[PDB]
Structure formats: C-alpha cells, structure tokens
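A.B. asks: Dropping in protein_31.txt, with compact mmCIF, C-alpha atoms and all ligand atoms.
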# COMPACT_ATOMS: atom_id res chain seq x y z
CA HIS A 3 23.79 41.81 14.54
CA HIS A 4 24.70 45.10 12.69
CA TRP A 5 25.39 43.50 9.30
CA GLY A 6 24.55 45.45 6.15
CA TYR A 7 25.93 46.35 2.72
CA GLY A 8 28.31 49.23 3.65
CA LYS A 9 32.16 49.37 3.64
CA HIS A 10 32.26 48.63 7.39
CA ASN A 11 29.49 45.99 7.72
CA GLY A 12 29.06 44.60 4.16
CA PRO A 13 29.55 41.10 2.65
CA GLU A 14 33.37 41.03 3.20
CA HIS A 15 32.73 41.37 7.00
CA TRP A 16 29.86 38.85 7.40
CA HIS A 17 32.19 35.86 8.05
CA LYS A 18 33.21 37.22 11.49
CA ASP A 19 29.67 36.81 12.94
CA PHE A 20 28.61 34.07 10.43
CA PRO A 21 31.62 31.82 9.67
CA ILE A 22 29.45 29.76 7.23
CA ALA A 23 29.97 32.81 4.92
CA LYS A 24 33.14 30.89 3.80
CA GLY A 25 31.28 27.54 3.58
CA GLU A 26 31.06 24.91 0.85
CA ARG A 27 27.62 25.80 -0.59
CA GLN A 28 27.30 29.61 -0.41
CA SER A 29 25.10 31.73 -2.66
CA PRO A 30 24.91 33.54 -4.95
CA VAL A 31 27.19 32.16 -7.70
CA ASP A 32 28.12 33.01 -11.26
CA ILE A 33 26.20 30.78 -13.69
CA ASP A 34 28.63 29.79 -16.46
CA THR A 35 26.10 29.00 -19.24
CA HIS A 36 28.65 26.95 -21.23
CA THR A 37 29.54 24.70 -18.21
CA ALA A 38 25.94 24.20 -16.90
CA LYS A 39 24.70 20.84 -18.19
CA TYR A 40 21.19 19.87 -19.28
CA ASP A 41 19.82 17.36 -16.75
CA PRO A 42 17.18 14.97 -18.15
CA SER A 43 16.47 13.71 -14.54
CA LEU A 44 14.79 17.07 -13.73
CA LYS A 45 10.96 16.67 -13.47
CA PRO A 46 8.68 19.47 -14.79
CA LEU A 47 8.65 22.65 -12.59
CA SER A 48 5.26 23.47 -11.04
CA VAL A 49 4.63 27.06 -9.87
CA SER A 50 1.07 27.04 -8.42
CA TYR A 51 0.27 30.58 -7.21
CA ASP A 52 -3.52 30.66 -8.07
CA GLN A 53 -4.46 30.59 -4.33
CA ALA A 54 -1.64 32.89 -3.08
CA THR A 55 -2.76 35.13 -0.16
CA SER A 56 -0.46 38.16 0.29
CA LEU A 57 -0.77 39.91 3.66
CA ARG A 58 1.73 42.70 4.15
CA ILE A 59 4.83 44.48 2.87
CA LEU A 60 7.69 45.22 5.31
CA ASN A 61 10.90 47.28 5.06
CA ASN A 62 13.27 45.17 7.23
CA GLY A 63 16.29 47.52 6.75
CA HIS A 64 17.90 45.22 4.14
CA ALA A 65 15.13 44.87 1.53
CA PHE A 66 11.33 44.86 1.51
CA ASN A 67 9.44 41.59 1.92
CA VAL A 68 5.97 40.90 0.53
CA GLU A 69 4.70 38.34 3.02
CA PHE A 70 2.15 35.57 2.38
CA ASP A 71 -0.20 33.51 4.51
CA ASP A 72 1.71 30.19 4.66
CA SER A 73 -0.66 28.53 7.26
CA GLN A 74 -1.96 26.18 4.50
CA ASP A 75 -0.86 24.84 1.07
CA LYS A 76 -1.94 27.81 -1.05
CA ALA A 77 0.99 29.11 -3.13
CA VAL A 78 3.43 26.22 -3.69
CA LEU A 79 6.48 25.30 -5.73
CA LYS A 80 6.98 21.63 -6.70
CA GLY A 81 8.81 19.54 -9.34
CA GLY A 82 12.01 20.43 -11.13
CA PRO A 83 14.82 19.40 -8.75
CA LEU A 84 12.46 19.37 -5.74
CA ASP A 85 11.16 16.40 -3.70
CA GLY A 86 7.79 17.31 -2.14
CA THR A 87 5.97 20.59 -1.61
CA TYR A 88 7.42 24.04 -0.83
CA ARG A 89 5.15 26.82 0.45
CA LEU A 90 5.62 30.49 -0.54
CA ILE A 91 6.34 32.63 2.59
CA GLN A 92 7.70 35.89 1.11
CA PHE A 93 9.33 37.52 -1.87
CA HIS A 94 11.87 40.36 -2.00
CA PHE A 95 14.38 41.93 -4.37
CA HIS A 96 18.01 42.90 -4.50
CA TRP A 97 18.94 45.90 -6.66
CA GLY A 98 21.65 48.38 -7.54
CA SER A 99 22.43 52.08 -7.40
CA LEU A 100 22.84 51.89 -11.24
CA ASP A 101 21.17 49.71 -13.93
CA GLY A 102 24.52 47.87 -14.52
CA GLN A 103 24.47 46.15 -11.08
CA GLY A 104 21.99 44.76 -8.52
CA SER A 105 21.58 41.03 -9.17
CA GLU A 106 23.15 38.49 -6.84
CA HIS A 107 23.46 35.64 -9.32
CA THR A 108 25.36 36.55 -12.50
CA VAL A 109 25.14 34.91 -15.93
CA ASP A 110 28.58 34.57 -17.59
CA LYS A 111 29.58 37.39 -15.14
CA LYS A 112 26.69 39.63 -16.41
CA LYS A 113 24.98 41.56 -13.58
CA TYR A 114 21.28 42.41 -14.01
CA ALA A 115 19.67 45.55 -12.61
CA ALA A 116 17.88 43.54 -9.90
CA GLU A 117 16.88 40.02 -8.83
CA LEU A 118 13.58 38.79 -7.38
CA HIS A 119 13.64 35.99 -4.77
CA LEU A 120 10.43 34.01 -4.12
CA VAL A 121 11.17 32.11 -0.88
CA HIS A 122 9.48 28.76 -0.18
CA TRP A 123 9.85 26.25 2.66
CA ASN A 124 9.58 22.46 2.59
CA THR A 125 6.28 21.49 4.25
CA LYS A 127 7.82 18.15 5.51
CA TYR A 128 9.56 20.27 8.23
CA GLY A 129 6.30 21.86 9.49
CA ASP A 130 7.49 25.52 9.85
CA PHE A 131 9.99 27.89 8.25
CA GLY A 132 12.24 28.01 11.33
CA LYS A 133 12.67 24.19 11.28
CA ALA A 134 13.06 24.18 7.46
CA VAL A 135 16.10 26.57 7.49
CA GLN A 136 17.98 24.01 9.69
CA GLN A 137 17.75 21.39 6.88
CA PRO A 138 19.85 21.06 3.69
CA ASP A 139 16.63 20.75 1.62
CA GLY A 140 14.58 23.15 3.76
CA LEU A 141 14.05 26.02 1.29
CA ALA A 142 13.53 26.53 -2.45
CA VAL A 143 14.19 30.03 -3.77
CA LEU A 144 12.94 30.92 -7.24
CA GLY A 145 15.26 33.65 -8.58
CA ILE A 146 14.18 35.92 -11.43
CA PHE A 147 16.42 38.55 -13.05
CA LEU A 148 15.17 42.08 -13.78
CA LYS A 149 16.45 44.15 -16.72
CA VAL A 150 15.48 47.78 -17.43
CA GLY A 151 13.26 48.28 -20.47
CA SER A 152 9.45 48.14 -20.72
CA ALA A 153 7.44 48.42 -17.45
CA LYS A 154 6.25 45.22 -15.69
CA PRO A 155 2.54 45.94 -15.11
CA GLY A 156 2.31 43.27 -12.34
CA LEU A 157 5.06 45.09 -10.39
CA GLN A 158 3.38 48.53 -10.28
CA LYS A 159 1.22 47.76 -7.15
CA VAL A 160 4.51 46.95 -5.31
CA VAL A 161 6.20 50.17 -6.61
CA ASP A 162 3.22 52.34 -5.58
CA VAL A 163 3.24 51.19 -1.90
CA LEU A 164 7.01 51.77 -1.38
CA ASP A 165 6.49 55.44 -0.37
CA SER A 166 4.46 54.12 2.67
CA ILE A 167 7.36 51.88 3.86
CA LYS A 168 10.31 54.20 3.24
CA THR A 169 12.25 53.34 6.43
CA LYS A 170 13.32 50.28 8.43
CA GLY A 171 10.49 48.76 10.51
CA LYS A 172 7.61 50.29 8.50
CA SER A 173 4.97 47.89 7.12
CA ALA A 174 1.73 48.31 5.15
CA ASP A 175 -1.27 46.12 4.36
CA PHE A 176 -0.61 44.31 1.07
CA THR A 177 -3.51 41.97 0.44
CA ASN A 178 -4.70 40.49 -2.88
CA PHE A 179 -1.33 40.81 -4.66
CA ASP A 180 -0.89 38.18 -7.38
CA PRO A 181 2.76 37.07 -7.71
CA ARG A 182 1.95 35.36 -11.08
CA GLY A 183 2.29 38.90 -12.54
CA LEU A 184 6.06 38.88 -11.79
CA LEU A 185 6.87 35.67 -13.77
CA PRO A 186 8.45 35.62 -17.24
CA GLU A 187 6.89 33.50 -20.03
CA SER A 188 9.47 30.67 -19.86
CA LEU A 189 10.19 28.54 -16.76
CA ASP A 190 13.56 27.36 -18.22
CA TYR A 191 15.97 27.40 -15.24
CA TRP A 192 19.34 26.61 -13.73
CA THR A 193 19.50 24.85 -10.36
CA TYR A 194 22.20 24.23 -7.75
CA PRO A 195 22.42 23.69 -3.98
CA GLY A 196 23.26 26.85 -2.02
CA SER A 197 22.47 29.16 0.83
CA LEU A 198 20.60 32.18 2.06
CA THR A 199 22.35 35.23 0.58
CA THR A 200 21.95 37.25 3.80
CA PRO A 201 22.98 36.41 7.35
CA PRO A 202 22.62 33.87 8.77
CA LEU A 203 23.75 32.47 5.36
CA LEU A 204 22.32 28.99 6.18
CA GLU A 205 23.10 26.23 3.65
CA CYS A 206 19.44 25.21 3.30
CA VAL A 207 18.42 26.39 -0.21
CA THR A 208 17.75 24.63 -3.50
CA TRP A 209 18.22 27.53 -5.95
CA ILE A 210 16.04 27.65 -9.07
CA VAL A 211 17.14 30.60 -11.24
CA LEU A 212 15.01 31.37 -14.31
CA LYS A 213 16.92 32.01 -17.54
CA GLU A 214 14.39 34.55 -18.91
CA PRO A 215 14.58 37.95 -17.16
CA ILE A 216 11.53 40.15 -16.66
CA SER A 217 11.62 43.73 -17.99
CA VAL A 218 10.85 46.57 -15.57
CA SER A 219 10.93 50.29 -16.41
CA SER A 220 13.64 52.74 -15.32
CA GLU A 221 10.84 54.56 -13.38
CA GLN A 222 9.95 51.31 -11.50
CA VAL A 223 13.53 50.57 -10.35
CA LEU A 224 14.16 54.30 -9.55
CA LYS A 225 11.33 53.94 -6.96
CA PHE A 226 13.15 50.93 -5.36
CA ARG A 227 16.22 53.24 -4.98
CA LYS A 228 14.20 55.81 -2.96
CA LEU A 229 13.79 53.33 -0.07
CA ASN A 230 15.95 53.74 3.04
CA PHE A 231 18.12 51.26 5.00
CA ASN A 232 17.76 53.58 8.03
CA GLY A 233 14.82 53.97 10.37
CA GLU A 234 12.56 57.06 10.57
CA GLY A 235 14.33 60.13 12.03
CA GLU A 236 17.82 58.69 11.28
CA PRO A 237 20.37 59.95 8.71
CA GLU A 238 19.16 58.94 5.22
CA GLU A 239 21.03 55.99 3.65
CA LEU A 240 19.38 55.03 0.35
CA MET A 241 18.52 51.32 0.10
CA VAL A 242 20.69 50.53 -2.95
CA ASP A 243 23.30 47.86 -3.71
CA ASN A 244 21.72 45.38 -1.25
CA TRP A 245 23.26 42.44 -3.15
CA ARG A 246 25.88 39.89 -2.08
CA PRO A 247 28.45 39.20 -4.84
CA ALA A 248 29.09 35.79 -6.39
CA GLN A 249 30.70 33.22 -4.05
CA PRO A 250 33.03 30.31 -4.90
CA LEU A 251 31.22 27.41 -6.62
CA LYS A 252 33.52 24.83 -4.92
CA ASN A 253 32.29 21.22 -5.33
CA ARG A 254 29.01 22.06 -7.13
CA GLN A 255 27.44 21.56 -10.56
CA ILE A 256 24.83 23.89 -11.99
CA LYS A 257 22.19 21.92 -13.88
CA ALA A 258 20.02 23.29 -16.72
CA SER A 259 16.35 22.32 -17.27
CA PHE A 260 16.64 23.04 -21.00
CA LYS A 261 18.60 21.41 -23.82
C1 LIG A 301 4.72 34.32 6.76
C2 LIG A 301 5.75 34.48 7.91
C3 LIG A 301 7.17 34.95 7.93
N1 LIG A 301 7.92 34.95 9.18
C4 LIG A 301 9.33 35.28 9.31
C5 LIG A 301 10.29 34.52 8.76
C6 LIG A 301 10.53 35.14 7.30
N2 LIG A 301 11.79 34.79 6.70
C7 LIG A 301 12.95 34.60 7.34
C8 LIG A 301 13.89 34.31 6.33
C9 LIG A 301 15.45 33.95 6.49
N3 LIG A 301 16.17 34.95 5.88
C10 LIG A 301 16.41 34.87 4.38
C11 LIG A 301 15.52 34.29 3.44
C12 LIG A 301 15.85 34.31 2.06
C13 LIG A 301 17.08 34.86 1.72
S1 LIG A 301 17.60 34.91 -0.02
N4 LIG A 301 18.21 36.44 -0.29
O1 LIG A 301 16.43 34.58 -0.82
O2 LIG A 301 18.62 33.89 -0.10
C14 LIG A 301 17.94 35.42 2.61
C15 LIG A 301 17.58 35.42 3.99
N5 LIG A 301 13.23 34.36 5.13
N6 LIG A 301 11.94 34.64 5.31
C16 LIG A 301 10.51 36.44 7.50
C17 LIG A 301 10.01 37.21 6.20
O3 LIG A 301 8.60 36.94 6.11
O4 LIG A 301 9.46 36.66 8.64
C18 LIG A 301 7.24 34.35 10.33
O5 LIG A 301 7.77 34.28 11.34
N7 LIG A 301 5.87 33.90 10.29
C19 LIG A 301 5.13 33.95 9.12
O6 LIG A 301 4.03 33.58 9.12
ZN ZN A 302 17.22 37.43 -1.61
Would you mind giving the structure from this file in structure tokens?
C.D. replies:
Amino acid sequence: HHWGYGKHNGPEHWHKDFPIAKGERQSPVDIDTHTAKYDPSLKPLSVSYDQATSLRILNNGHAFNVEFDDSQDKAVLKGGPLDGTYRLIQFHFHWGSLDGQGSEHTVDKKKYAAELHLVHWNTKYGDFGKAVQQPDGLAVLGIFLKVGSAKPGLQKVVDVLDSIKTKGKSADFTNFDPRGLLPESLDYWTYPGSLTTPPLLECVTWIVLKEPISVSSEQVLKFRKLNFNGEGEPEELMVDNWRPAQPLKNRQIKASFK
C-alpha cells in the first residue's frame, strides 16, 4: 500500500485498493447542526482517563500516534451511544498547511485547523484487530482544534515532535495525561462511520465534541514541521493529512444536547 494525501495517492485514489472508500458508512462527514436531532435515548458519556498509561509516540508516515497500554481496562470510554466498554489504544491528529483547513469532520461546512482522534476498541472483541472487523468495534472521540490561546496539555506532545520528524521514528512517551486535551463540555454529535484512513473499515461509532479546544499558532506550526517521508528521503512536510467529508447516505447525526 502506497496510499497518502498527495495528488497521485490521496483520498480520490483510495477506492482502487480499498473499494469500501465508496461504502454506505464512510467518515468523515459534514455535521449539519440544523439537521442533527437531540436524542433523549443517549446515556451520559463517560470519559475515564485517570489511569491512562501512555507508552510511546510514533511517526507512521501519515500522522503521529501517541500509544497507550491497552492490556487492561485503564483509560476507557463508555456511555453516550455506546454499549459496553471501549479501551483507549492511541490518539492522533489531522491538520492543515493553513489554519483554515485540517479537520476531517466539518460543522456546517466549517473546517477547523486540526482534529484530534482518541481511538478506543470494544473490549467484548478481546483485541483491536478483532474489533475493527465488527460494526461496533471502535469508538473514536473527535475533538476540533482552533488557533488562539495555547493548550498547555498539548505542549509535551509538541516538544517531542522534533525527535520523531520522519516516518518510522518513535520516542518514549510515558506519563502523558490525555485529560489535558479535553474541552470543558462533553456535548457531542454521534453517527455510525468508518476509519478515515485505509483500510477505511466501517467499524466506528463516531463521537464528535461540539466544543473545540484552542491551541496556539506556535503549537500547530510545530505539527507542520513533521515529515511524511523517512530519514534521508526528499522532504515532504506532513500537512493536509485529512480526508474530506464523505456522503452521509442513509445516516442520521444525533446530538447529545437540546
Ligand atoms: C497499543 C497497541 C497498538 N497496535 C497497533 C494497532 C494500532 N491501530 C491501528 C489502527 C487502524 N487504523 C486507524 C485507526 C483510526 C483511524 S481514524 N483517523 O481515527 O478514523 C484511522 C485508521 N488504529 N490504531 C496502531 C496504532 O497504535 O498500532 C498494536 O498492535 N498493539 C498495541 O498494543
Ligand atoms: Zn484520525
């Protein structure tokens, strides 16, 4: 697989290797705020990250992943639209070359500067690889980033990026607290969708928070210094690693808030 975000290997090409790219529950989507309906059946959302154990940060040539120890129920997502317990395995971001683009989800066609994805798998399927084969295998908590005041809880991530500049580089990343990346409100939209990168599996319950976090221009400029390429290859800045909005088809976006 040589998929990426360029003219020759970007989102408009992914369907050739991954025909599910044109499927019935692809992500991301535009969230039409006027059409999304409050759902009183939604239970309270439970983000329980007190025991989260971060291990490492990896540049995988598409984004960087902050990886967690998911060998036990430590950092879990429950409630809201979810049945059962979903374990945090990694988080990553998508971002732009410019502050006016970068998010995958859009809100009334507005693009944010970036989007954070906290990826969790359903513990009833035993491991992540089994979970991605199930329609309810994953829950991704999506958080928008706008440029304004710095996010203090993000700075430890920003400061390690110079040690993982190129594809395949990793660094120790223990004792990182993902609670520092959350906005005040847990108001959210939810809909059934997919991974937003190949293999684009239709296994995700999306939970997208309404309240963005603010990060500084300096923080996002450091994301844009990363490289898609490996060490000793021509430099290709890691920017615009977002898939655009996909057709909603036969789906309803539900709101947690009246
Ligand atoms: C802790 C750990 C991780 N790994 C593997 C599997 C991990 N993985 C695979 C994928 C599938 N791809 C994906 C995910 C989200 C989105 S999005 N943009 O949110 O819709 C798109 C694509 N997601 N995470 C991966 C990262 O940690 O490393 C283990 O094998 N053992 C381990 O112990
Ligand atoms: Zn993502």
A.B. asks: What's the 9 Å shell around region 25-39 of chain A, counting all atoms listed in the file, without same-chain residues fewer than 4 positions away, as a PyMOL selection string?
C.D. replies: chain A and resi 21+106-112+192+195-199+203-205+207+209+246-261
A.B. asks: Point out the residue among A:48, A:105, A:87, A:188 with the least atom-to-atom distance to ligand ZN 302 (chain A), counting all atoms listed in the file.
C.D. replies: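 That would be A:105, the residue with the smallest distance to ligand ZN 302 (chain A).
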A.B. asks: I'd like a table as JSON lines: residues in chain A with an atom no more than 7 Å from ligand ZN 302 (chain A), each row giving the shortest atom pair and its distance in Å to one decimal, only C-alpha atoms and all ligand atoms counted, sorted by chain and rising residue number.
C.D. replies:
{"residue": "A:94", "atom": "CA", "partner": "A:ZN302", "partner_atom": "ZN", "distance": 6.1}
{"residue": "A:95", "atom": "CA", "partner": "A:ZN302", "partner_atom": "ZN", "distance": 6.0}
{"residue": "A:96", "atom": "CA", "partner": "A:ZN302", "partner_atom": "ZN", "distance": 6.2}
{"residue": "A:118", "atom": "CA", "partner": "A:ZN302", "partner_atom": "ZN", "distance": 7.0}
{"residue": "A:119", "atom": "CA", "partner": "A:ZN302", "partner_atom": "ZN", "distance": 5.0}
{"residue": "A:199", "atom": "CA", "partner": "A:ZN302", "partner_atom": "ZN", "distance": 6.0}
A.B. asks: So, with only C-alpha atoms as the atoms that count, which of A:120, A:240, A:184, A:146 lies closest to residue 213 (chain A)?
C.D. replies: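 Of A:120, A:240, A:184, A:146, the one nearest residue 213 (chain A), counting only C-alpha atoms, is A:146.
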A.B. asks: Using only C-alpha atoms and all ligand atoms, which protein or nucleic acid residues are at most 6 Å from ligand LIG 301 (chain A), as number ranges by chain?
C.D. replies: A: 69-72, 91-92, 119, 121, 143, 198-200
A.B. asks: Work out how far CA of residue 166 (chain A) is from CA of residue 229 (chain A), in Å to one decimal.
C.D. replies: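 If I compute the distance from CA of residue 229 (chain A) to CA of residue 166 (chain A), I get 9.8 Å.
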A.B. asks: Complete the atom set of region 34-47 of chain A to N, CA, C and O atoms and return it as a short mmCIF file (atom, residue, chain, number, x, y, z; two decimals), keeping the file's coordinate frame.
C.D. replies:
data_model
loop_
_atom_site.label_atom_id
_atom_site.label_comp_id
_atom_site.auth_asym_id
_atom_site.auth_seq_id
_atom_site.Cartn_x
_atom_site.Cartn_y
_atom_site.Cartn_z
N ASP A 34 27.90 29.94 -15.18
CA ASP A 34 28.63 29.79 -16.46
C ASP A 34 27.73 28.97 -17.39
O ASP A 34 27.55 27.76 -17.14
N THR A 35 27.14 29.61 -18.39
CA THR A 35 26.10 29.00 -19.24
C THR A 35 26.68 27.88 -20.08
O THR A 35 25.94 27.00 -20.45
N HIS A 36 27.97 27.94 -20.36
CA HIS A 36 28.65 26.95 -21.23
C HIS A 36 28.95 25.69 -20.42
O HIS A 36 28.90 24.61 -21.02
N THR A 37 29.21 25.83 -19.11
CA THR A 37 29.54 24.70 -18.21
C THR A 37 28.29 24.02 -17.63
O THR A 37 28.34 22.82 -17.35
N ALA A 38 27.19 24.75 -17.46
CA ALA A 38 25.94 24.20 -16.90
C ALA A 38 25.46 23.12 -17.86
O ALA A 38 25.47 23.32 -19.09
N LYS A 39 25.08 21.98 -17.33
CA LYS A 39 24.70 20.84 -18.19
C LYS A 39 23.21 20.57 -18.08
O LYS A 39 22.66 20.52 -16.96
N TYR A 40 22.58 20.35 -19.22
CA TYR A 40 21.19 19.87 -19.28
C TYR A 40 21.10 18.58 -18.46
O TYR A 40 21.92 17.63 -18.62
N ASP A 41 20.09 18.52 -17.62
CA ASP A 41 19.82 17.36 -16.75
C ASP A 41 18.47 16.78 -17.14
O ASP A 41 17.42 17.30 -16.77
N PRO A 42 18.45 15.64 -17.85
CA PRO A 42 17.18 14.97 -18.15
C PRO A 42 16.46 14.37 -16.93
O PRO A 42 15.28 14.05 -17.04
N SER A 43 17.11 14.26 -15.77
CA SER A 43 16.47 13.71 -14.54
C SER A 43 15.53 14.75 -13.93
O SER A 43 14.73 14.39 -13.05
N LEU A 44 15.63 16.02 -14.33
CA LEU A 44 14.79 17.07 -13.73
C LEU A 44 13.34 16.83 -14.17
O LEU A 44 13.09 16.64 -15.38
N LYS A 45 12.42 16.82 -13.21
CA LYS A 45 10.96 16.67 -13.47
C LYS A 45 10.42 18.04 -13.88
O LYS A 45 11.05 19.07 -13.65
N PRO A 46 9.22 18.14 -14.49
CA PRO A 46 8.68 19.47 -14.79
C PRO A 46 8.50 20.36 -13.54
O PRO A 46 8.11 19.86 -12.50
N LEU A 47 8.84 21.64 -13.67
CA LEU A 47 8.65 22.65 -12.59
C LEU A 47 7.19 23.07 -12.55
O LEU A 47 6.59 23.34 -13.57
#
